[PDB]
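The structure under discussion appears below in the form of structure tokens.
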Amino acid sequence: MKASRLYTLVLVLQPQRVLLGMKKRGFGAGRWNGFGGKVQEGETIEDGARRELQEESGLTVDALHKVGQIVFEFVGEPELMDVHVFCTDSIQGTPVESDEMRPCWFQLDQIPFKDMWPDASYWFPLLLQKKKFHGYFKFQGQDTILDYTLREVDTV
Ligand code: NA
């Protein structure tokens, strides 16, 4: 069996648009994603998600709602990524670009799937329908899915 490391992913989903962030630097730059990163010792998963949202997008929110969980496995990496996915309840500030991340709004008929992680084409439609989900994706490198599962659930 494998070990897993905890990560968060936050989607700022409004009725007609979604905020995504483009990774600006380093390996893996050039794709759009939600905001997030590793959970730190002691903080709850939700508080880690709020923290990463503020660091990467500038937005400060009091509460999130958990919508999904996605496990990622990469060929050659024994550690799994256990990603807890949240959506914002409400926002009340503007997103800010950093040297690491550029936030941008997309209309919900212009979701930039071809420039997102390949897995997002599978679970993001569920998120848009306000459904909850569990997913698993095995990748060869950054682009190729070798195996995956996706299931709508009633409780995350
Ligand atoms: Na991050």
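Numbered by UniProt numbering, the letters in the sequence shown go through residues 1 to 156 in order.
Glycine included, every Cβ here is placed at the ideal spot set by N, Cα and C.
Query                                                                                                                                                           : Result
Between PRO78 and the rest of its own chain, which residues show a CB-CB distance below 7 Å, the 5 nearest in sequence each way excluded?                       : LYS2
Shorter than 7 Å, the distance from the beta carbon of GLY36 to the closest heavy atom of ligand 1, or not?                                                     : yes
Since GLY28 contacts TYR7 with CB under 8 Å, what's their CB separation in whole angstroms?                                                                     : Incorrect: roughly 14 Å between the Cβ atoms, too far for contact.
Would you report the Cα separation of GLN107 and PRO118, rounded to the nearest angstrom?                                                                       : 19 Å
From which residue to which residue does the alpha helix (DSSP H) around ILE45 run?                                                                             : 45 to 57
Residue ranges of each beta strand (DSSP E) run of no fewer than 3 residues wholly in the UniProt domain "Nudix hydrolase" (3 to 132), ordered along the chain? : 4 to 13, 17 to 23, 64 to 74, 80 to 88, 101 to 107
Three or more C-beta pairs under 8 Å: does that hold for the stretch 110 to 128 against the stretch 42 to 53?                                                   : no
Verify the contact flag: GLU43, CB atom, against every heavy atom of ligand 1, threshold strictly below 7 Å.                                                    : no
Which residues mark the beginning and the end of the beta strand (DSSP E) in which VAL153 is found?                                                             : 144 to 153
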